[PDB]
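Enquirer: Anchor point for the sequence shown: position 41 equals 1705 in the authors' numbering, and the numbering is continuous, going up by one each time.
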Amino acid sequence: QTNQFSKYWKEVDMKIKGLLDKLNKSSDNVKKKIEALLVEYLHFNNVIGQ
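#1: Within a Cβ cutoff of 7 Å, which residues of the same chain sit near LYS1686, ignoring the five residues on either side of it in sequence?
#2: In the structure shown, what three-state DSSP assignment does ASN1693 receive?
#3: For the alpha helix (DSSP H) containing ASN1688, name the first residue and the last one.
#4: For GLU1675 and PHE1669, I'd like the C-alpha separation in whole angstroms.
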């Protein structure tokens, strides 16, 4: 409704960067959880991007 897309797009991009930095630094059990969440957060980025 507002068309905030730029602000929310950049915001989510950081979220993904966050998740990836922590992905590298994290145990193999939560590694799977974090890669799993990225698959979904990436799609958020992709749609807001579209």
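No residue lacks a Cβ here, since even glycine has one placed at the ideal position from N, Cα and C.
Expert: Reading from the atomic positions:
#1: Numbered from its first residue, the sequence shown carries residue 1686 at position 22. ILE1698.
#2: Translated into positions along the sequence shown, residue 1693 becomes position 29. Of the three classes helix, strand and coil, the one that applies to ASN1693 here is helix, per DSSP.
#3: Mapped onto the sequence shown, residue 1688 falls at position 24. Element bounds for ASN1688: 1669-1688.
#4: Counted from its first residue, the sequence shown places residue 1675 at position 11. Counted from its first residue, the sequence shown places residue 1669 at position 5. Roughly 10 Å between the two C-alpha positions.
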